[PDB]
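Rule-based calculations on the coordinates, nothing more; no lab input. For neighbour counting, all protein chains shown are included, and Cβ atoms are generated from backbone atoms with ideal geometry for every residue, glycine included.
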């Protein structure tokens, strides 16, 4: 009946405790063996390893997108095991690089190595397999029995097993044993159009936390260092100091040439740069609101957008296009 | 019986909706009047305004600490109204600038202006007054009926009224009408020693989010721009790329001269740089773990520490000293 591909990429899920700490040591065949995954029953799993890796690099996104893209032809469902710390960047970036995928692409990981007592790895793989067997299409994350839209996922903690949340967006579904309870209607994830691959990206995006003290001298430094986009983890007021501070005036000097995106240091509820006068002053300088996007969506989307054009009005239109429900319309 | 001082500083709590957006317009006397606060019954409230402000600047911390410090002599309790976006930076910084305060110092704010329907401002002020009437000492935040240790508070969302959480640390208490339920024993917040004022700080700390793509060229740029400390919002693996990446090797070149602190982009559970080999490699470069500290504690503590010395071993010892339960021992 159904054919699944599981792609290994590294991560805690590929790791074992050593005398030098956790170390990425397992290929996907050993993960599947150590997590006691059934390779059949209404399906057949094939497995492959892309390329000691804990962390994804932007180059790896192009590699993974090409392999996933070629595989849509031969598989009903595609699972990617991945390090938790950068899984949400990968999930978001594939959501822009693979247009109209016509099969489920499901990323997962673990907080514990398989071989540690109480590991979450077997359960997360099993969840991902179950959802990958669904007649749906898009890029999803499977974690702690939840299915979440890839471009809306963030890692919220470093120890607790319920480590990924859907930010400012509903979960897709919840998997209890063999039952899938759709939180968003299944009919909403049907394939539309033919898949396309677009791997253009510019990686030199720098993300800053807006703090008291942060001066315009940083904006000078990041331009001197060659960076092409700036993400700010700003305030819910949505604005910057324009008094005892050159930050807003130094940004206003560069917004015609460099996209400056305003997201939040706060996790939940998004940025509204219109509610406060201080926000409206930040907008008036040409700072581009990230609205309800996650950090990981904001960042990967801007890298992808800069790969297409350096025209800041065109970047604004790309960032505010709702491609795959990464952002409100 | 008891004397309370309420200090105004600006914020949403001081704001009103105008045709140009929310605007800071109210002095503390008008806030108290519009929120219908009782200025007596077992107490007397005095009020004062420090110095159009939504956002605190590091300079304001010294001003507020001097005024709060002088006021310990004449008041049983001190309340500060403050903008929510930078309240947690202020609460943390006062926790290092005011040693062994012998009275409750309680910061609060609101998500809604007083004059907006359903405002949280009256309730937050009332909570802060109630806790300020307690025979305890330290720096606390009052929000949505909770009392939280100041140096453990973060703003987690931009719209929901329950906007502040206690991070990796229990709440101090919960206030239901006239009842205070102590979550940590009251006896644990008794005054010890005589209050001291220490307002030394270095503001040029830059906070970066660790992303895929982030190169060592940023470390060069921030040194050229004169910054004296770097906070990284890193990964739970606790490490950096040392492969297809010069980030870790450029940081290893500067850690003898510049403190580089590793905290998390994730909100909850802290950094453990020993669990993973990649973390141990980051430690071996002399990156200083922030452990369980909040971003706002990490950042203000480093600014305060740099105000005392530029010796990176002495900064490490300061950062890992548990002064006021900002960090685990």
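Each other copy holds its own label point for residue A:102; taking that point as 7 Å from Cα along Cα to Cβ, the gaps run 7.9 nm, nearest first.
Sorted largest first, the principal axis extents computed over the alpha-carbon atoms of the stretch B:49-161 equal 38, 30, 25 Å. Considering all C-alpha pairs of chain B, those separated by over 34 Å amount to 26%.
Mean per-residue shielding of peptide A:215-223 is 5, counting Cβ atoms of other chains within 10 Å of each Cβ.
How do B:136, A:172 line up, fewest other C-beta atoms within 10 Å first? Let's see the in-between values first.
Working: B:136 23, A:172 27.
By the 10 Å Cβ count, ascending, the order reads B:136, A:172.
Under the rule a/c < 1.5 gives rounded, and otherwise a/b versus b/c splits prolate from oblate, where does the stretch A:1-85 land using the Cα gyration tensor? Don't jump to the answer; show the numbers that get you there.
Values: a/c = 3.17, a/b = 1.32, b/c = 2.41.
Oblate shape, in that a/c is at least 1.5 and b/c is the bigger or equal ratio.
Distance to the B-onto-A rotation axis is smallest for one chain B Cβ; residue and value in angstrom are B:221, 2.
The radius of gyration of the Cα set in the stretch A:114-191, together with its Dmax, comes out at 12.6, 40 angstrom.
Just to verify a number: FRET efficiency for residue B:19 and residue B:161, C-beta to C-beta distance, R0 = 22 Å, to 0.05? Each step should come with its number before you reach the end.
Details: r = 25 Å, r/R0 = 1.15.
Here the calculated transfer efficiency is 0.30.
Starting from the Cα gyration tensor of the protein assembly as shown, multiply each eigenvalue by 5, take the square root, and state the resulting semi-axes largest first in whole Å. Walk me through the intermediate numbers first.
Numbers: eigenvalues 369, 132, 129 Å².
Listed largest to smallest, the semi-axes of the protein assembly as shown are 43, 26, 25 Å.
With label points set 7 Å from Cα along Cα→Cβ, the inter-copy distances at residue A:185 are 5.8 nm, sorted shortest first. Between copies, the label points at residue B:284 (set 7 angstrom from Cα along Cα-to-Cβ) are spaced 5.4 nm, reported in nanometres from shortest to longest. Sorted ascending by nearby beta carbons within 10 Å, beginning with the fewest, B:93, B:319, A:262, A:133 become A:133, B:319, A:262, B:93. For the stretch A:202-266, the alpha carbon positions stretch 29, 24, 19 Å along the principal axes, listed from largest to smallest.
Centre-to-centre, using Cα atoms only, the stretch A:102-177 and the stretch A:190-261 are separated by 30 Å.
Return B:147, A:129, A:98 ranked ascending by Cβ neighbour count within 10 Å, so the fewest neighbours appear first.
Values: B:147 30, A:129 21, A:98 24.
Ordered from fewest to most neighbouring Cβ atoms within 10 Å, B:147, A:129, A:98 come out as A:129, A:98, B:147.
Dividing the summed helix terms, -39500 (n - 2.57) for each DSSP H run of n ≥ 4, by the number of residues in chain B produces a 222 nm estimate of -8500 deg cm²/dmol to the nearest 500. Our summary of shape: the Cα atoms of the stretch B:2-197 have principal axis extents of 51, 35, 32 Å, ordered from largest down, in whole angstrom.
One-quarter of the Cα convex hull surface for the stretch A:182-329, in nm²? Please report the intermediate quantities before stating the final value.
Values: hull surface 39.4 nm².
Averaged projected area of the stretch A:182-329's Cα convex hull equals 9.9 nm².
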